[PDB]
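1. Next input, structure requested:
(one chain, ligands or ions: 3)
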Amino acid sequence: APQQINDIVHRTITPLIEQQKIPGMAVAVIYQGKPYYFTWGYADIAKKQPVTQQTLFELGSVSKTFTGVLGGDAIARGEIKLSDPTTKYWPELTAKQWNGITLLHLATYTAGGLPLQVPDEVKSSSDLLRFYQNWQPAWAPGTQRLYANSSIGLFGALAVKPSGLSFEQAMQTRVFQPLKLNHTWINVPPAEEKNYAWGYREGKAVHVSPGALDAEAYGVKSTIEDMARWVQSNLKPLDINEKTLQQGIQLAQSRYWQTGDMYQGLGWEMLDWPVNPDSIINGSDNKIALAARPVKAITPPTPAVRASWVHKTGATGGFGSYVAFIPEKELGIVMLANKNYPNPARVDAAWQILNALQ
Ligand SMILES: CC(=O)Nc1ccsc1C(=O)O
Ligand SMILES: CC(=O)Nc1ccsc1C(=O)O
Ligand SMILES: CC(=O)Nc1ccsc1C(=O)O
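-> Numbers count the residues shown, from 1 in each chain. Ligands and ions are numbered 1, 2, ... in the order given. The relevant structure is shown in the block below.
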């Protein structure tokens, strides 16, 4: 890599790893389109396995970007539309509060206060139906944003219904394969287990446990190389051969709602570039990110703006990830770690890297 990039990356990540006590980390910088890779530390402390460019990390909520793009692709195919009532694809959702709640609301956390997590007590598909049927909205549709796995998770599950494919099959055939993400998985295959990092939570080695709508909301695992390709694909959707996928990516980066300085896409979140570093850094803290906030409708949505900071924060019990990119600049970063360390530290590091290179 160019010395400039190396110096910028190392001066930023070294003290981060030290401050946060991160066991293992992989970083990719996309500079003028190309990828440059950096790795530190351990995928498995016990077995002394280093982080490599082939190491799989749990993406956590960064998985929502894939869900958003897969959803976008389904819209491009004419299989669904964001203006459809939720009941169009789940007719058993007959309870009256579901009148007026569309796929858009589900995809953008604006249904009216669906909870962050699906209750752990939900074990069966009958349990899941009951949960949504009995759920009482705090607010009218499209008035408040509340970040929720139970919201985008349901969107993901319903978006693939007309296809007649399972969520995993749809994701694999329509997103992973066309983009050549051959080491990106919802379920890690036995063949790839050797590369699967352990997450670390309070010193303990952990992997994400099964849960309702896990695949749709937080269930993707990936390598630093595949995530770099994912950034490249989102930076330049036009170079993608598969028409509906190209359009899906653009739909995902469209601006549907505004809250403060931020815009809600499908999975992706965006801010106007140049950004105020304090608004991305402070805004990434869960104090703000997980809070219920009033939204202003963007009527109609603004097509993907190239002058944007597009990004997504993501975590599991044992992992912390961050992806950010600026289409206008052909510039991006992926940060994957096997520790959940605070969002603002992630965004601060990303800012100081991308700022230095722009
Ligand atoms: C629909 C789904 O994700 N599966 C489901 C529903 C209730 S529990 C559960 C699971 O996967 O554990
Ligand atoms: C094939 C299939 O799953 N179709 C289905 C299931 C719930 S809604 C829907 C559709 O095609 O609209
Ligand atoms: C897996 C999951 O629910 N992640 C979660 C919960 C609150 S913030 C967050 C994330 O992935 O950033």
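2. if I read this right, residue 354 contacts residue 331, doesn't it?
-> Yes. Counting by C-beta atoms under 8 Å, residue 354 does reach residue 331; the two are 5.8 Å apart. Placement of C-beta: from N, CA and C, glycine included.
3. Residue 28 in helix, strand or coil?
-> Put simply, residue 28 is strand when judged by DSSP: H, G, I helix; E, B strand; the rest coil.
4. for the residue in the chain positioned nearest to ligand 3, helix, strand, or coil?
-> Closest contact between the chain and ligand 3, by C-beta to the nearest ligand atom, is at residue 61 (3.0 Å). Assigned by three-state DSSP, the conformation of residue 61 is helix.
5. mind listing what the closest residue to ligand 1 within the stretch 251-358 of the chain touches?
-> Residue nearest to ligand 1 within the stretch 251-358 of the chain: residue 316 (15.6 Å; C-beta to the nearest ligand atom). Counting by C-beta atoms under 8 Å, 6 or more residues apart in numbering, residue 316 touches 58, 60, 199, 208, 218, 340.
6. If you rank those by neighbours, which is first?
-> residue 58 (30 neighbours; other C-beta atoms under 10 Å).
7. Report the contact partners of it.
-> Residue 58 is in contact with 197, 199, 207-208, 220-221, 316, 318-319, 321, counting by C-beta under 8 Å, 6+ apart.
8. Kindly indicate the member of those with the most neighbours.
-> Greatest neighbour count in these, by other C-beta under 10 Å, goes to residue 220: 32 neighbours.
9. Excluding covalently adjacent residues, which one is nearest to that one?
-> Leaving aside its sequence neighbours, residue 220 sits nearest to residue 63 (C-beta to C-beta, 6 or more residues apart in numbering; 3.9 Å).
10. Could you do residue 242 as well?
-> Using C-beta to C-beta, 6+ apart, the closest residue to residue 242 is residue 178 (4.8 Å).
11. ok so the one you found is a strand residue?
-> No. Under three-state DSSP, residue 178 falls outside any strand and is assigned coil.
12. wait, doesn't it sit right on residue 244?
-> No. Between residue 178 and residue 244 no contact is recorded; they are 9.7 Å apart, counting by C-beta under 8 Å.
13. Residue 245: neighbour count?
-> Neighbour count for residue 245, taken as other C-beta under 10 Å: 22.
14. Am I right that residue 332 is in a helix?
-> No. Counting by three-state DSSP, residue 332 is not found in a helix; it is strand.
15. what's it in contact with, if anything?
-> Per C-beta under 8 Å, 6+ apart, neighbours of residue 332: 28-30, 231-232, 235, 323-326, 354.
16. mind redoing it with 7 Å?
-> Shown in contact with residue 332 (C-beta atoms under 7 Å, 6 or more residues apart in numbering): 30, 231, 235, 324-325.
17. State the distance from residue 234 to residue 181.
-> Distance of residue 234 to residue 181, given as C-beta to C-beta, to the nearest Å: 12 Å.
18. Repeat that for residue 32.
-> Counting by C-beta to C-beta, the gap from residue 32 to residue 181 is 22 Å.
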